[PDB]
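Reading the structure
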Amino acid sequence: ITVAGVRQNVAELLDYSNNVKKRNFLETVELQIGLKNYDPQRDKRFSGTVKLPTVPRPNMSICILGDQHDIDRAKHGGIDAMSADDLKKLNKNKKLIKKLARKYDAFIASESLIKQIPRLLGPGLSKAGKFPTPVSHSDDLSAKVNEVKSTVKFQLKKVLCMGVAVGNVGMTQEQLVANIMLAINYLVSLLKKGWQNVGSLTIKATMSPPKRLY
RNA sequence: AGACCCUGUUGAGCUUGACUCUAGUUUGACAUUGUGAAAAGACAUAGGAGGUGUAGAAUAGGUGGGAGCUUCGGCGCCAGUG
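Residues numbered from 1 in each chain as written, not as in the entry; some residues may be left out. Chains lettered and ligands numbered in written order. Part of a larger assembly, values for the part shown. Heavy atoms only, no water. Residues with missing side-chain atoms left out of burial classes, pairs and counts.

Structure determination for the deposited model, as stated in its record, used cryo-EM, and the stated resolution is 2.90 Å.

Spelled out as structure tokens, the structure:
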């Protein structure tokens, strides 16, 4: 992995996304990685979160669950909010939980409603992979939502493939290369063998062709 | 101070499935020990093709970006099913 090669791949992906096959929407940029010489079903599953130098997923949507103070804090940043009464109105509906998980890409829950989310909303969010992150009342809800949007997760799944957003097509090439380098460094730090445990790596846009870097 | 008898922590020669060894002999393995093909096996890659226990738009590898794809037929989102 080289910074110049990553910048060249990002420039090629941006040129393909902008000049040849420009889409009808702001296509985001992602990077896909593979694991090797490890057992995703028998060894310990690593996990972690790292905030990139740029916004990884600017098109991601976040839903806030909390009290009236949390709703006011979410409305201060313009994010949608869900009250405790709105959570209890679901009454453990799996279909409603799946619809909420399809509508909202990520969830942030306050400390008061974090324990009551599994009792009211049920395990639908955990089944869909959208478990809400905890949040305190003294922290800034808008800043927490922005940090959650700009950060990515590297938890090991049941398969050897993984991926993470590194920005968008409208972002700068240098910023995209820096985000990709930060994600690669986080993956190398999480891996026990470093680059020996990485199978391959590619970078692309949402609709542009991929470019292999490893 | 012979011969004979008796005794020995007795000495020595000889014999034998007495004990422990051993020459010789026999057998296996490593090294000396290389070169081709042939038949099986294991990996490596250069390609190619597949994913129904089942509800459900489809015969659901899974995963990340994703609301648009675009080869203009419809596929999508959504509904619905998990």
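Some points on the overall build of chain A
Scanning chain A for helices and strands turns up nine helices and 10 strands. Relative to the globule expectation of 17 Å for 214 residues, the C-alpha radius of gyration of chain A, 19 Å, shows essentially globular dimensions. When the backbone C-alpha atoms are referred to their principal axes, chain A occupies close to 50 × 45 × 35 Å. Put simply, of all contacts in chain A between residues at least 6 apart along the chain, 78% involve residues at least 24 apart. (Helix = DSSP H or I, 4+ residues; strand = E, 2+ residues; numbered from the N terminus. Rg over C-alpha atoms; globule rule 2.2 N^0.38 Å. Contact = heavy atoms within 4.5 Å.)

Notes on the sheet that holds strand β1 (residues 28-35)
Strand order in the open sheet formed by four strands is β8-β1-β9-β10, and the pairing between neighbours is antiparallel. What marks the edges here is a single partner per strand, and that holds for β8 (161-168) and β10 (211-212). Here two bridges tie strand β9 (residues 198-205) to β10, and the two strands are oriented antiparallel to one another. In the sheet register, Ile203 faces β10, and the bridge partner there is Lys211. (Pairing = 2+ DSSP bridges.)

Thoughts on the sheet that holds strand β3 (residues 62-65)
Overall, parallel pairing links the four strands, which are arranged β4-β3-β5-β6 in an open sheet. Strands with a single pairing partner mark the edges of an open sheet, and in this sheet they are β4 (80-82) and β6 (133-135). On average, each strand axis in the sheet is tilted by 30° relative to the strand beside it, whichever way the strands run. (Axes fitted to C-alpha atoms, helices over the stretch in contact; angles between N-to-C directions.)

Section: unusual backbone geometry
Of all residues except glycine, most have a negative phi; of all peptide bonds, most are trans. Positive phi, normally seen in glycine, also occurs at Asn37, with a value near 55°. Structurally, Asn37 can be placed in the loop between β1 and β2 (49-51). Within the chain, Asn91 stands out as a residue other than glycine whose phi angle is a positive 55°. On the secondary structure map, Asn91 appears in the loop between α3 (84-90) and α4 (94-103).

Points about the environment of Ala165
Tracing the sequence through the fold places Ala165 in strand β8. The spacing of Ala165 and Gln32 is 133 residues in sequence and 8.7 Å in space, taken between C-alpha atoms. Excluding residues that lie within four positions of it along the chain, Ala165 makes contacts with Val29, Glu30, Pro56 and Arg57.

Some words on the pairing of β9
Two strands pair when backbone bridges link them, and β1 and β9 are joined in this way by six bridges, in the antiparallel orientation. When the bridges of β9 are listed, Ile33 appears paired with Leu201. Remark: five residues form the turn of the hairpin made by β9 and β10, two consecutive strands paired antiparallel.

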